[PDB]
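Below you'll find only one chain, the form deposited in one PDB entry, shown as structure tokens.
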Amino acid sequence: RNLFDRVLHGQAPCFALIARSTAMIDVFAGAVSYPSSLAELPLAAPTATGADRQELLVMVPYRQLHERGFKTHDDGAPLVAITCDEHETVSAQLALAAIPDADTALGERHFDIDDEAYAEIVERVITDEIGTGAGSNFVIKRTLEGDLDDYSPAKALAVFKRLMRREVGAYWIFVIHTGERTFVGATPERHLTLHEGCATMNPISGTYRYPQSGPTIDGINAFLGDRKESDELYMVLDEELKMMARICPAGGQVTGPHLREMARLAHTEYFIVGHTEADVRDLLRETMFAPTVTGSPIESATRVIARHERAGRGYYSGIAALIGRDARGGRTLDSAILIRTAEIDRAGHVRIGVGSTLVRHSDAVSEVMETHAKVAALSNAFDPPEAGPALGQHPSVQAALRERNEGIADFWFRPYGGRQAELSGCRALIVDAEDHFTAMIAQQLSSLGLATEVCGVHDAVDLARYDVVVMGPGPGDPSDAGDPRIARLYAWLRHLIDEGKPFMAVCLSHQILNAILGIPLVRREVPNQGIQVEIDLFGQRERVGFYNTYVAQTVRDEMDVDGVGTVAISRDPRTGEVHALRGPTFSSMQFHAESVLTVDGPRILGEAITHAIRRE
């Protein structure tokens, strides 16, 4: 209404939209005010209007710690109060509906620290401080920076709209505009909460990113089983209880692991609750800065943050605080930790603090790879995540994919137009023993320049037409004369030996050749089922694909055969398994030269044919 639509139209000089899970969103406007200290936050005398109401919104910078005597850096960053003169409530459905979208890009998006220098400072802290007894865990930050096109609050609004749609689950999602600065974020964590004397801190313990299909009751339980990461958790709770004990004299009470569910990720949470009577101003001052964004112990964390960060923190790890009164006049506080948040200028310069929480068991690269990762929430709001090539197109991913093709055949990756010896012009018969690999052998013999016809085992052919015959692969046991297909292969092979026709036999056919020449066939203890093996093929090492269940087996590297003559045997000498024969008019192979698993198959077939055909 008049506030929201005067906010959006630009006639509100100073404002905030804050959206909370208590679905409505809160809109505020008033005087921007820069108090001298927390003591001087502009708070009226307590009164009861009869309605709940908000008195001011406050941004507490990390500097403010001087108030407690703790060492800091001066960012020039002041204490900021926005009186809530006006406060209206929207419905998020219609509010999102209005959106003045703009080029919400970010020029020169670079880090303060950068991965080489940041890893050094982090290492120094893990080894010189944590490892030295300075403290149990610590939060160390760098700033990502970038420059905004055209600029103005109209841009902060757009980023707020996108944050509202996707990061559904954060504690506060907001845009806050002073005159001299803007803030946009979606913070997951509350700082402190005060309702009728009762104070609440609320640290987040863990995060369960749901897998591809959906969040199961078993995936969540698996995640919750694994209790092998009890580290920071308990130092943080102790440190939180310490903080509560200074604020609530009677103590704190933890209520623990509660599950916080969101569209994509589930958090684990603890609440810590206690009774206090202290002024809000004292509550903030003494509660300056949740252990989860500083360290434990707090003072020492402060000391190490000062003795290892080159910069100030501006408002990173600080507090956005909504101070008010219930309808009965009792004091109220709702407050959120300022992380996952951009601080912007009129000048147009955006800064986002990102921290890493360091324990002794944490190593620097692993967490630096979380510097960019945790930044995904905001990063996907200065230029959304789908406009740009997928990670499948990063040159490294491309390289790794390509490396996969290194061991294997390169013929099949080549386009037709991967054609090119004395073989060019010659003609070959392939006798098909009923294996679909034959078309593949044929395509390869073709590429060497052979015109390559295929018949079946029972066909009548004129051998005189062909320069070579190839006896092919097929199913079955080569010792099984009972199968007429196998019997006919014996006949073929006896004939080709008799006539001295050059030939090449392969898998089954090669086994049958062995049996004919009198080398025994056996069956492997374990069948080969598409393995590449490096073998010694007659003096040259070759990597070839095996699919055989059966194999010829001999102790002999060579033999004279009665009718035939001298046959060279290539075999694994450890097992006697025969890989290839070379005879006077022929050559043979147990392996599939044509498999995707073979290297230089076309050449292997080439060499075999060439040898079979040499005898002229």
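Heads up, when I say rigid core I mean the largest set of C-alphas that superpose within 1.5 Å between the two forms. Residue positions are given as counts along the sequence shown, with the first one as 1.
Absent from the display: the form deposited in another entry. The rest refers to it.
Just one residue from the list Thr104, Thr287, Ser317, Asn514 crosses the 2 Å line for C-alpha shift between this form and the one not shown on a rigid core fit, and it is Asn514. With a cut-off of 2 Å and the rigid core superposed, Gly30 has a Cα displacement that falls short of the cut-off between this form and the one not shown. Once the rigid core is used as the reference frame, the Cα position of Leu194 differs between this form and the one not shown by less than 2 Å. Superposed on the core, the two forms differ at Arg556: its CA moves 2 Å or more between this form and the one not shown.
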